[PDB]
């Protein structure tokens, strides 16, 4: 009868984790209140008290997105899981789908779109670029899409995509606007209803400083109508918006068991939303803008070059630096964690090998942290081998 697999020796040792100052494109470090919420005991996942916390979270999401949309809720997964929830519900097989492919995030949207049978049309742009109204209109006119995807904060390239006017333009072409604000939310201006966005989503782990694992999403009535009139069922059950809507209190029926929400992660997310509700959006935008401007000045004084030349196009939360000539970017990243216990990153997708990425996210977006990463980079530039 004897078990062949034995208790793993490594698990018989205590868990211990290193102390790391996370100054990459995210996830970010957690403030005390969010760590404390993470250590709390479970409550019933369909209890009145749980529903009250969920309702508070929904109010918080409506605040940070600046929307009145009733159909606003949490997706029980990471930012990719929220994008897939948007696409698997809004798009039916054969639907035309226009995508701003200007970095890895647009590429990921193309991949998901293809998999669920859309007719996908990328607008491809080198890393560093953004879309104009004219570029979008040309795509809308040519491809007659039911949905456009735009990345607001392109954290792979350091770009801040302008959003004014795009929603109205899409709507003239009978197109819904979907916007990724995972890296932008809380760090730079964003107004869902004022900007005519139809589907907006973000993640817990960037400027909100919650642990990775949950994501935030909201749907206009136009998007709501399309999702509820579909004649095909979405390919996913877990992400079916009719079930999720009901369980999050968004429709007129009693909440029915769908899947078990991540109770403890929702405590933490609730607290992250309370913190930014206390600080205020505009104050948070100012904090990130100023920290970013300070970082840009210090990096240039090190002799590094910002990847995005035009300051109005720079994403405050994630700054791209050209890799300095003669260095191997891997040495610089390794040097910084090895000798300073600071995380930064290289590039990602099309910016792989071209940039270093430095994040300033929420409570970590400070002049004091700018000074730490500046000194770490200075030392890497002094000691890493140069060709």
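Numbering follows the first chain given and starts at 1.
- The mean C-alpha temperature factor is higher for 305-313 when 305-313 and 264-272 are set side by side.
- Comparing 148-156 with 295-303, the higher mean C-alpha B-factor in the PDB entry belongs to 295-303.
- By the numbers in the PDB entry, the CA B factor is greatest at 132 among 220, 246, 204, 132.
- Residue set 212, 280, 186, 127: peak C-alpha B-factor at 127 (per PDB entry).
- In this PDB entry, residue 79 carries a Cα temperature factor that places it within the lowest third of its chain's modelled residues.
- When all modelled residues of the chain are sorted by CA temperature factor, residue 109 is found within the lowest third.
- Compared with the other modelled residues of the chain, the Cα B-factor recorded for residue 164 ranks in the highest third.
- Per the PDB record, residue ranking by Cα B-factor puts residue 191 in the lowest third of the chain.
- Annotation for residue 141: CA B-factor lies in the highest third of the chain's modelled residues.
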